Amino acid sequence: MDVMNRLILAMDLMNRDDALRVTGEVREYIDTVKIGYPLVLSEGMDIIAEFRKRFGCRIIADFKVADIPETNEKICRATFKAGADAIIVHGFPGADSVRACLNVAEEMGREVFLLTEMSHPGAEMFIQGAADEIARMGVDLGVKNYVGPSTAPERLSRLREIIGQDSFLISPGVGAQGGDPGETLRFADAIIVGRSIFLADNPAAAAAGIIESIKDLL
Amino acid sequence: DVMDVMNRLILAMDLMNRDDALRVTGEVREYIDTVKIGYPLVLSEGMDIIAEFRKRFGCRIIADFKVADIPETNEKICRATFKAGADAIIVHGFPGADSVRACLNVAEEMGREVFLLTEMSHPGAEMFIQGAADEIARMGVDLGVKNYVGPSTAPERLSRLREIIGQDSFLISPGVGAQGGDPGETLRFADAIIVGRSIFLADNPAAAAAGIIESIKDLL
Ligand SMILES: O=c1cc(O)n([C@@H]2O[C@H](COP(=O)(O)O)[C@@H](O)[C@H]2O)c(=O)[nH]1
Ligand SMILES: O=c1cc(O)n([C@@H]2O[C@H](COP(=O)(O)O)[C@@H](O)[C@H]2O)c(=O)[nH]1
């Protein structure tokens, strides 16, 4: 996956007009948008097609899929019917649940990203202790795309070690949550950035600023 | 107190076709006043499906969204879900206490309810979830969670969950029917059972629901 400027916009504004306007403002800097439940549940799944129509961007559906296999299959099918290129799935519910997602992705020509570890303080309670084993499970299952946390670069580095250099790794928690763009890109292929851009006084300047700070990594 | 679930039976409406979902739900309306709507139907037909179910049927709505994000995003998901008219939302506990608290805070502000999913009914649950389950449940109790979801397919584990949360907590349980769980055995511990495919794929969903209810008649 070739992500422009190694920068994925997390578009979590819940108003359609604002989401479209802000994305338009930063479109010269990105070609990949992560769309999650805040926007989808507020404005409907048709928003995905609208983004492709306006911007021609790739769309990663950040749905943190975390159900039983039967239900995971249906969620993936509905998501890809809406035009998402990829979907993010939790590993914590186990291998069968991940495989259900991999199957639908293969059938529809899409990708699964496995979330092995999260960026927020609560991740320490249960997720961190399982993370390495979840990553190894990804490797065993043939997963090639992963998500890990900007807010713990030592843990992000370990994730990169487990999955190898061939795997693709994207990383949220940059900016608002404290992660540094450049340090994160030592290990991740691309950074995910939400509020630092879309809540900035000037989103275009914020995006340009982040890119300037990593210019030697592009 | 607790939501008064008719016949201790919650329909899991996971048909993705709007017409079929409406037809089947209408057919079992006399048996069930509480419907669980998840992402298969919502992602296929929109959040307005909650609006349509409320209009068409006299049913409470539990949004089974297994909320599993960071606190910031969890708050937004809960807000959007309650805005659409869901009475309650189901949340994962494995992302930790801050993520659960975010959901509780929104539910409190908005006059709605959170259900905490402490462990799951499928084989994959054995890998990571089961080891964390007792602590996730204890965390729920510590946070003031009153409503819980636990698996009918693991009776010993469902029993332990009931012990941890106490008799006053409200517990609902999926995995009955298609996944092999028994209605009566499950209601030893759960307040209500969740049933999907064995009702909505039946030639006669009303007869299927009636049959389940007949099998648990003395528990009502
Ligand atoms: O561990 C994770 C996994 C995520 O997907 N995310 C997501 O990445 C985005 C981060 O946005 P922000 O840059 O505003 O903090 C949000 O959409 C959030 O749901 C995260 O923050 N941490
Ligand atoms: O551990 C769990 C938690 C669930 O919410 N569920 C949900 O309960 C329902 C089970 O439906 P069914 O009776 O067709 O197996 C599905 O909506 C599923 O997503 C489950 O099966 N196991």
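Criteria and cut-off values
- Residues numbered from 1 in each chain as written, not as in the entry; some residues may be left out.
- Chains lettered and ligands numbered in written order.
- Heavy atoms only, no water.
- Helix = DSSP H or I, 4+ residues; strand = E, 2+ residues; numbered from the N terminus.
- Rg over C-alpha atoms; globule rule 2.2 N^0.38 Å.
- Buried < 20%, exposed > 50% of the residue type's maximum accessible area, 1.4 Å probe, protein only.
- Contact = heavy atoms within 4.5 Å.
- Areas by Shrake-Rupley, 256 points an atom, 1.4 Å probe, with all protein chains shown as cover.
- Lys, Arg positive; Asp, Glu negative; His and termini not counted.
- Charge placed at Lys NZ, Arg CZ, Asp CG, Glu CD.
- Near = heavy atom within 4 Å.
- Polar contact = N/O pair within 3.5 Å; in protein donor to acceptor, adjacent residues only side chain to side chain.
- Nonpolar A, V, L, I, M, F, W, Y, C, P; charged D, E, K, R; others polar.
- Arc of directions from axis to C-beta.
- Pairing = 2+ DSSP bridges.
- Axes fitted to C-alpha atoms, helices over the stretch in contact; angles between N-to-C directions.
- Salt bridge = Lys/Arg side-chain N within 4 Å of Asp/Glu carboxyl O.
- Core = buried A, V, L, I, M, F, W, Y, C linked by side-chain atoms within 4.5 Å.

By the method listed in its record, X-ray crystallography, this PDB entry was determined to a resolution of 1.260 Å.

Visitor: How should the overall build of chain A be read in this particular structure?
Guide: Each helix and strand counted, chain A has 10 helices and eight strands in total. The C-alpha radius of gyration computed for chain A amounts to 16 Å, which stays within 12% of the reference 17 Å derived for 218 residues, consistent with globular compactness. If one aligns the C-alpha atoms of chain A with their principal axes, the spans along those axes are about 45 × 35 × 30 Å. When the 218 residues of chain A are sorted by exposure, 59% land in the buried category. Within chain A, residue pairs in contact and separated by at least 24 positions form 66% of the contacts whose partners lie at least 6 positions apart. Just so you have it, chain A exposes about 8,400 Å², and 42% of that area is on carbon and sulfur atoms. With 23 positive and 33 negative side-chain charges, chain A shows a spacing of 3 Å between the two charge centroids.

Visitor: Please clarify how the site of ligand 1 should be interpreted in this entry.
Guide: With respect to spatial proximity, 16 residues lie near ligand 1, and among them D12, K64, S119 and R195 of chain A together with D69 of chain B are the closest. With respect to ligand 1, its neighbouring residues span chains A and B. A distance of 2.8 Å separates a nitrogen atom of ligand 1 from a polar atom in the side chain of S119 of chain A. One of the side-chain N or O atoms of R195 of chain A is found 2.7 Å from an oxygen atom in ligand 1. With the chains in place, 98% of the 480 Å² that ligand 1 exposes on its own is no longer accessible. Considered class by class, the residues forming the shell around ligand 1 number six nonpolar, four polar and six charged.

Visitor: In this structure, what is going on with helix α10 (residues 205–215) of chain B? I would like to understand it.
Guide: Three- or four-residue spacings in an α-helix give side chains the same orientation, since the helix completes a turn every 3.6 residues. Residues and elements named next belong to chain B. Buried residues of α10: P205, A206, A208, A209, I212 and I213, and no others. Along the axis of α10, the buried positions cluster into a sector of 165°, meaning they face one direction only. Turned more than 90 degrees away from the buried face of α10 sit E214 and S215, all of them exposed. Lining the buried residues of α10 we find β1 (9–13), α1 (18–27), α8 (183–186), β8 (192–195) and α9 (197–200).

Visitor: What's the story with the sheet that holds strand β6 (residues 147–149) of chain B in this structure? I'm lost.
Guide: In any sheet, the strands associate via hydrogen bonds between backbone groups, in a parallel or an antiparallel arrangement. Residue and element names in this part refer to chain B. Spatial ordering of the closed barrel is given by β1-β2-β3-β4-β5-β6-β7-β8, a layout of eight strands whose pairing is parallel. On average, each strand axis in the sheet is inclined to that of its neighbour by 30°, with strand direction left out of account. Inspection of the sheet shows strand β5 (residues 113–117) paired to β6 by three bridges, in the parallel sense. Bridged to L117 within β6 is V149. Against the sheet, helix α3 (residues 48–56) touches β1, β2 (34–38) and β3 (60–67), its axis set at about 155° to β3.

Visitor: Explain the pattern of salt bridges here, please?
Guide: Residue and element names in this part refer to chain A. Enumeration over the complete set of coordinates arrives at 35 salt bridges over all chains. Between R160 and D189 there is a salt bridge, and its shortest N-O distance comes to 2.8 Å. You can see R160 sitting in helix α7 (residues 153–163) and its partner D189 sitting in the loop between α8 (181–184) and β8 (190–193), a full 29 residues away along the chain. Exposure remark for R160: the relative accessible area of 7% places this residue in the buried category. Among the residues examined, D189 registers a relative accessible area of 25% and is labelled partly exposed. Among the ionic contacts, a cluster of salt bridges with common partners joins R16, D17, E50 and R54.

Visitor: Before we go on, may I ask you to explain the site of ligand 2 in this structure?
Guide: Surrounding ligand 2, one finds 16 residues, the nearest of these being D67 of chain A together with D14, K66, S121 and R197 of chain B. In this structure ligand 2 sits where residues from chains A and B come together. In this structure, an oxygen atom belonging to ligand 2 sits 2.9 Å away from a side-chain N or O atom of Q179 of chain B. Between ligand 2 and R197 of chain B there is a distance of 2.7 Å, counted from an oxygen atom to a side-chain nitrogen or oxygen. Looking at side-chain class alone, the shell around ligand 2 contains six nonpolar, four polar and six charged residues.

Visitor: Can you walk me through the sheet that holds strand β1 (residues 7–11) of chain A in this structure?
Guide: All names here are of chain A. Strand order in this closed barrel of eight strands is β1-β2-β3-β4-β5-β6-β7-β8, and the pairing throughout is parallel. Neighbour to neighbour, the strand axes of the sheet diverge by 25° on average, direction disregarded. Looking at chain direction, strand β7 (residues 168–171) and β8 are connected through two bridges and run parallel. Residue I170 lies in a different strand from β8, and its bridge partner there is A190. On the sheet, helix α5 (residues 95–108) packs against β3 (58–65), β4 (86–90) and β5 (111–115) and is oriented at approximately 155° with respect to β5.

Visitor: Before we go on, may I ask you to explain the nonpolar core in this structure?
Guide: One broad rule of soluble globular proteins: the nonpolar side chains tend to lie buried together. Membership of the largest hydrophobic core comes to 171 residues, with the highest contact counts inside it found for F51 of chain A together with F53 of chain B. For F51 of chain A, the residues in contact, after removing those within four places along its chain, are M11, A19, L20, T23, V33, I35, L39, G56, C57 and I59 of chain A.

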